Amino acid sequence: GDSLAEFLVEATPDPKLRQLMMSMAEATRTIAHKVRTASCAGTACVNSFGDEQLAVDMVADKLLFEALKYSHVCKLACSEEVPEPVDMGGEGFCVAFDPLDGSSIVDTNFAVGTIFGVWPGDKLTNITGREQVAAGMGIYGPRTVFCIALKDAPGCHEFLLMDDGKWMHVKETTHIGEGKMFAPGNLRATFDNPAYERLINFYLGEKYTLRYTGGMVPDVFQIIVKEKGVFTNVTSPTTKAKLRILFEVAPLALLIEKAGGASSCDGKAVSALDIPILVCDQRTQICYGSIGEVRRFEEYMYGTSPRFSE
């Protein structure tokens, strides 16, 4: 297909947003190289940033902050590790990111990833996921994938890192249909939550194929590629919420909904793009999937789906 710079010129009329997306794709390429040659002798995984040997989750953090600084179009930046925004000396967008989302899977050479969401303005609080101008994730697997969506452009677009160091468009997703595949996150809640239990028993009883790796990036990315599936992460009386709206859930909600899917956040039967983000470290629960499978989620968990039921 065609290149990323060529795609961006038609997706958005904002050249600042185009420079930002270019800087995120270059940082994704460098993180992909750092993970490739990471030394995990020590159960921890190390690589060198400049003159210091830290962990992969920290080399990615510093590489993403570096890319935002030198894009000159970033006002605020915030990482999941330190959930307090920081000024990057630019202006245009505010970017929040999870540097590497795969804590218990880097040593096992599983697919891991980076999540980032882009907000316009000067605030990372008192916003919603619908105010996002762009969102994306870089997936570090056998291939290196840059999966993005821009508000001013239709669909969710996947870019492949080629041998020459450039990005090439390889798939545009605009419809997520029906199928039997599920990723049950937080299954320990099938104990204090009878609605979640009955839902999981539906999946297990209808012969849904199981695909759960523990990392959110590949578990949600597979829905966009297969154009089918359900992801669920549900809280319980004894199990507390661990996903973040700013760094993880809200950006992924845009990638999923722009590809023809739906989300159900904070147990309030609305999209994750409509849940107010009051603090950066705000937690939540979520369901991702096709419209049909999200309807079933709300019917099982709440009684009815306000948006999609009959």
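Each residue number is its position in the shown sequence, starting from 1.
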* According to the deposited model, is the average Cα temperature factor higher in 33 to 41 or in 240 to 248? -> 33 to 41
* Asked: For the stretches 187 to 195 and 109 to 117, which has the higher mean C-alpha B-factor as given in the deposited record?
  -> 187 to 195
* Could you tell me which one of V46, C280, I275, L254 shows the highest CA temperature factor in the PDB record? => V46
* Among the candidates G138, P154, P85, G205, give the one with the maximum CA B-factor reported in the record. => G205
* Structure fact -> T28: C-alpha B-factor third of its chain, per the entry, is the middle
* Is the Cα B-factor recorded for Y212 in the lowest, middle or highest third of its chain? -> highest
* Asked: Going by the entry, which third of its chain does the Cα temperature factor of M21 land in?
  -> lowest
* **Within-chain third of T235 by Cα B-factor, per the entry** => highest
* Tell me, lowest, middle or highest third: where does the Cα B factor of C287 rank within its chain? => lowest
